[PDB]
């Protein structure tokens, strides 16, 4: 049928900022719809906005779209970057006249940079018994460069905004 491509695997931007996800499609329909969806970590699809080929740039809510209709680009700009807006965003297109299946893109995840910083690394031991050691990194989030059998959990963020971020990167081997 038609082709859809969004190349960015993941992006990053601070709180109270903005970012745009690109979507390049290749279709032969003179009338069509471009839909934007969000995938939560719990594997749930949420409708965000619909974009009409014969319609102006949709700017409903905190989302805006850019129609490079000659260049076949539907760009999605988000505003007032919050913590909940961190998800995997997909763009698809469908037939306006005969609504049917949606040709999705590869998808693009967003990682909101957290909203004072003080790098540190502590150590912790097991509770029920002995013979277990883990290491922790708190705060940080300014030096976001988090990287044998040394398993390291990626940078952390869940209704926990009541307490400070204290980005917890844990490691264990």
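Positions refer to the first chain, counted from 1.
Coordinates are lacking for 1 to 3 deposited residues between residue 115 and residue 116. Unmodelled deposited residues between residue 157 and residue 158: 1 to 3, per the record. 159-167 and 7-15 differ in mean CA B-factor, and the higher of the two is recorded for 159-167. Comparing 102-110 with 138-146, the higher mean C-alpha B-factor in the PDB entry belongs to 138-146.
Across 51, 27, 31, 129, the entry's maximum B-factor at the CA atom is seen for 129. Listed residues 38, 68, 43, 125 were ranked by CA B-factor as deposited; 125 comes out on top. Among the modelled residues of its chain, residue 92 has a C-alpha B-factor that falls in the lowest third according to the deposited record.
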